Structure formats: C-alpha cells, structure tokens
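Take a look at this single chain, the form deposited in one PDB entry, given in structure tokens.
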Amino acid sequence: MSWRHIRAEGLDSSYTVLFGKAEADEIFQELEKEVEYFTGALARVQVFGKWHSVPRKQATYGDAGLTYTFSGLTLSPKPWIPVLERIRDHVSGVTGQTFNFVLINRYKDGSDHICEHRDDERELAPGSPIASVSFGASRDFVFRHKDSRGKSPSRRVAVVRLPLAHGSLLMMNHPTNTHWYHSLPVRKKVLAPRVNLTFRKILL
C-alpha cells in the first residue's frame, strides 16, 4: 500500500487506495442497499434567504450516546451497521486513528456536489484528523487556500486538485482545515453515483 503526501502551504493530507476493487465493489453494493438517508427538513437548506434541497443525500452514524449539532439543533446519529463498522475498522487498523462518527454524502451523479467549505471543528476533538473514504464514481476534489478565494484574493496560492477514486482514503490533517477550503465541484460528464464517508472524532 502506497501513500501520496499532499503538501502545500498549511496543507497536509495523505491519500491512498485503501480498498482493492473487489472489496470496494462489495462495500459499495452494501452501502447502496443499507444506508438510510435524510428526508424532510434535514434535506433542505436556506441560503441567502432562499430554500433549496441539499445537493446530495446525507446520513450520520456513530457510537451510542453521541449527539451532534446540525444548525443549532441537537441530533443523534444512527447506530452503526456492519458495513460501516467494517470500513471504520479497516481505517483504524491501518492508520491507528479512531473515529466515533461518520457523515455520509451520496452524490447521485456529477450534478450533486458540495461547495467550498471548511469542516466545523467546534465539536471535534482538538487536533483530530478527518478520514474521507470514497466508493463508486471517481470525483474531482479541490483544495483552495483561504486567502486565495473570491474576486480579489490577497494571495495567489495555487489550487490543489485530485480525483478521489473508488476505495480511496484521504486523511485530512491539521492545519489543512484551518487554512484551506475543500469542495467536490459539479462534473456533468459523471453519470454514476458516489458515496463518501467522512469519519470524525466528536467530543464525548
């Protein structure tokens, strides 16, 4: 197993293909059968005073007794199911990092996406990495430095682009999430679904 070190100013991440094709295919099939995604209010978001559907399906799973916040609201993730525990255990066995929570984002095709953002670290264990595991269609992932955004950025730090492949793990390490925003842009030629699992270590 080979790791690519992704390095830039205030960016430290590591990328590998963690699951081979056969295993990744099995896992994808099981995620597609079993994951229960949000419906109703949790699948809506208000942006500049207009209501939209979240442009991807989402779900959370995690340890018993954990709660988290979604926009001021206190929520409980769903209990682990075996396929998710299988993924988590492989990530932990390889990296030595442990997680108690996962956010699942399912992009039905290239029109589902997520805009430039930094992960909310407020309820995360201090200094903890985030482990991003991907199954299904490859999708382009983009890191952009915080001071290189918008119309007249103060700095011209180069963007960092990579595809996240089927069965891959991207470890995003501190201080990546302080200095960089990441996104999964629209890619209209991608017709197939992708399921991404972002494992986190939440306080408690």
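So that the term is clear: the rigid core is the largest set of C-alpha atoms that superpose within 1.5 Å between two forms. One-based numbering along the sequence shown.
Next on the checklist: What about residue 53, left without coordinates in a third or more of the other entries of this protein that model its neighbours?
Outcome noted: No.
Checklist entry - Quick one: across the other PDB entries of this protein we compared, is residue 67 left without coordinates in at least a third of them? => result No, residue 67 has coordinates in all the other entries compared.
Next on the checklist: Mean CA temperature factor from the deposited coordinates, higher in 93 to 101 or in 109 to 117?
Outcome noted: In the deposited entry, the stretch with the higher C-alpha B-factor mean is 93 to 101.
Checklist entry - Which wins on mean Cα temperature factor, 35 to 43 or 150 to 158? => result The deposited B-factors put 150 to 158 ahead on the C-alpha mean.
Item to check | Peak C-alpha temperature factor (PDB record), options 178, 138, 58, 29 | outcome: When the deposited C-alpha B-factors of 178, 138, 58, 29 are compared, 178 is largest.
Checklist entry - Lowest, middle or highest third of the chain for the C-alpha temperature factor of residue 145? => result Middle third, going by the recorded CA B-factors of the chain.
Next on the checklist: Quick check for you: using the entry's CA B-factors within this chain, is residue 66 in the lowest, middle or highest third?
Outcome noted: Tercile = highest for this residue's CA B-factor.
Checklist entry - Among the modelled residues of its chain, does the C-alpha B-factor of residue 188 lie in the lowest, middle or highest third? => result It falls in the middle third of the chain.
Next on the checklist: By the recorded C-alpha temperature factor, relative to the other modelled residues in its chain, which third is residue 131 in?
Outcome noted: Middle third - that is where residue 131 ends up once the chain's C-alpha B-factors are sorted.
Checklist entry - Lowest, middle or highest third: where is residue 84 by C-alpha B factor in its chain? => result Its C-alpha B-factor, which the entry lists for residue 84, ranks in the lowest third among residues of this chain.
The discussion below concerns the form deposited in another entry, not included here.
Next on the checklist: If I superpose the two forms on their rigid core, does the C-alpha of residue 35 end up displaced by 2 Å or more between this form and the one not shown?
Outcome noted: Shift of 2 Å or more: no.
Item to check | Per-residue C-alpha change between this form and the one not shown, residue 115, threshold 2 Å, rigid core fit | outcome: It does not, since the residue 115 C-alpha is displaced less than 2 Å between this form and the one not shown after the core fit.
Checklist entry - Is residue 76 one of the residues whose Cα moves 2 Å or more between this form and the one not shown, with the core superposed? => result The answer is yes, as the C-alpha of residue 76 shifts between this form and the one not shown by 2 Å or more after core alignment.
Checklist entry - What happens to the Cα distance from residue 70 to residue 78 in that other deposited form: does it get closer or farther than here, with a change of 3 angstroms or more? => result Farther apart, which means the C-alphas of residue 70 and residue 78 are at least 3 Å more distant in that other deposited form.
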